[PDB]
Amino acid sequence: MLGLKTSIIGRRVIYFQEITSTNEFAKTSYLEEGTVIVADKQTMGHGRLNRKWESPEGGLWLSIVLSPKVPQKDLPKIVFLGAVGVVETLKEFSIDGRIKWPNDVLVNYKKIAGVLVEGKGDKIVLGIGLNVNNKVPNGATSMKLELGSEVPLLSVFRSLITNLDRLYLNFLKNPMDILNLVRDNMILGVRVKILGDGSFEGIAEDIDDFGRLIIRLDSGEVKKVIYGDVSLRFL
């Protein structure tokens, strides 16, 4: 009855009035590629660094089952597909979403969306949490707060699914293309602090051909940050 016209993402959609976590349901259940898990609210969601995520009613909480069979070298770039899809949808609604490496989307430096990618073997689950009309944690923001009015949740869903499907199909054939889109929509040229095994600061210059964040420390040293247990803070 939704009349989706996508090729892979959205072939099937499982909607829940309530769920613990769309990513957990997607990871655990036997689902076909392209199946989307979406819920009005999540009671136990979390972000990329396993830190609690608030998912009250009004937001877009979904996960997508993917089985990308691309070279092991390009597989890690899957993490950016969700962030770019969100940016494109936000632009369609005239909201200036910008990517905070590696998976977050901010608007005026306030988080409006988070991306959580989890993979086990062939199966990759792409989770996205986008604040639309819901209340958000202090410091974060939403589409409603940015536009000054409520936005039809279903319209955002249709827009995002369409963008993601296009991005995904092109990624399977041309895995490098996504990096250019990330580069054009990422927050760069500013000082940042990289938090992992210790910490270091420098200018976030760009992302390389592997999606690594390139940081220039004041000494001139160049470090390349890989996707993982690392947090980025703007100074």
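The first residue of the shown sequence is 1; numbering continues from there.
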Point to revise | Which of 4-12 and 225-233 has higher mean CA B factor, as the PDB entry lists it | key: 225-233
Practice item. Going by the average Cα B-factor in the PDB entry, point out whether 45-53 or 27-35 comes out higher. Key: 45-53
Check your understanding: Highest Cα B-factor in the deposition, which of 84, 128, 75, 107?
Key -> 75
Revision key, fill the gap. Highest CA B factor of 134, 155, 163, 149, as deposited, is found at 149
Exercise for review: Report the third (lowest, middle or highest) to which the CA temperature factor of residue 59 belongs, ranking only the modelled residues of the same chain.
Suggested key: lowest
Exercise for review: Can you work out whether the C-alpha temperature factor of residue 118 puts it in the lowest, middle or highest third of the chain?
Suggested key: middle
Practice item. Sort the modelled residues of this chain by their C-alpha B factor and say whether residue 112 lands in the lowest, middle or highest third. Key: lowest
Review point. Can you tell me which third, lowest, middle or highest, the CA B-factor of residue 40 falls into for its chain?
Key: lowest
Check your understanding: What third of its chain, lowest, middle or highest, does the C-alpha temperature factor of residue 194 fall into?
Key -> highest
